[PDB]
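To begin, one chain is listed below as structure tokens, in the form deposited in one PDB entry.
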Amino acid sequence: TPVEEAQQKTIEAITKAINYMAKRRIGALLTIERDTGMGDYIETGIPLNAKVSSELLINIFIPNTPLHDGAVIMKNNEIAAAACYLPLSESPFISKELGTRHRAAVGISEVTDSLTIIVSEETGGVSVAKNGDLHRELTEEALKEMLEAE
């Protein structure tokens, strides 16, 4: 159906962008709003309300650019805003080598049902935060599975 084709197109765009960024060790933080509204965090960023594409996602996160510092928040199949604030987790159970990108992802996942994808700038590793937990060192297949499950 149209809604199903649109959701798969968006999953494909996200996975292509994440793969590109992982290969080049480009840090990225991408939160997908679910049932818990995240308007107050969207409002802290730069408004886009843009169609999703792998190309736009890559262009947003290029290092030392205006939009790269902070989270992209997606809502209703469209990039709502970029460079958004997310709350930093104080969880003592996050891997001690990880920095603020991963703590922000975990932090938003503690107070919402959102799914956040993180690319490490140090390793290019891909992780997902949900429900207060960080799922690390994901393969391409694993990330896809999480998106389809979500």
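So that there is no doubt, residue numbering starts at 1 and follows the sequence shown.
Student: Going by the mean C-alpha B-factor recorded in the entry, which is higher: 7-15 or 123-131?
Tutor: Between 7-15 and 123-131, it is 7-15.
Student: Test of understanding: from the entry's C-alpha B-factors, which stretch has the higher mean, 106-114 or 90-98?
Tutor: Comparing 106-114 with 90-98, the higher mean C-alpha B-factor belongs to 90-98.
Student: Of the three thirds of its chain by CA temperature factor, lowest, middle or highest, which one includes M38?
Tutor: Answer is highest: the recorded C-alpha B-factor places it there.
Student: For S53, return the chain-relative third of its C-alpha B-factor as stated in the PDB record: lowest, middle or highest.
Tutor: Middle third - that is where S53 ends up once the chain's C-alpha B-factors are sorted.
Keep in mind the form deposited with a small molecule bound is missing from the figure; the text below concerns it.
Student: Give a yes/no on whether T100 approaches the small molecule to within 4.5 Å in the entry with it bound, heavy atoms considered.
Tutor: Contact check for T100: yes, within 4.5 Å of the small molecule in the entry with it bound.
Student: Can you tell me if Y85 lies within 4.5 angstroms of the small molecule in the entry with it bound, counting non-hydrogen atoms only?
Tutor: Judged by the heavy-atom cut-off of 4.5 Å, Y85 is in contact with the small molecule in the entry with it bound.
Student: So, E90 and the small molecule: in the entry with it bound, are they within 4.5 Å at any heavy atom pair?
Tutor: No - in the entry with it bound, heavy atoms of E90 and the small molecule never come within 4.5 Å of each other.
Student: When the contact criterion is heavy atoms within 4.5 Å, does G107 count as touching the small molecule in the entry with it bound?
Tutor: Outside the cut-off, so no.
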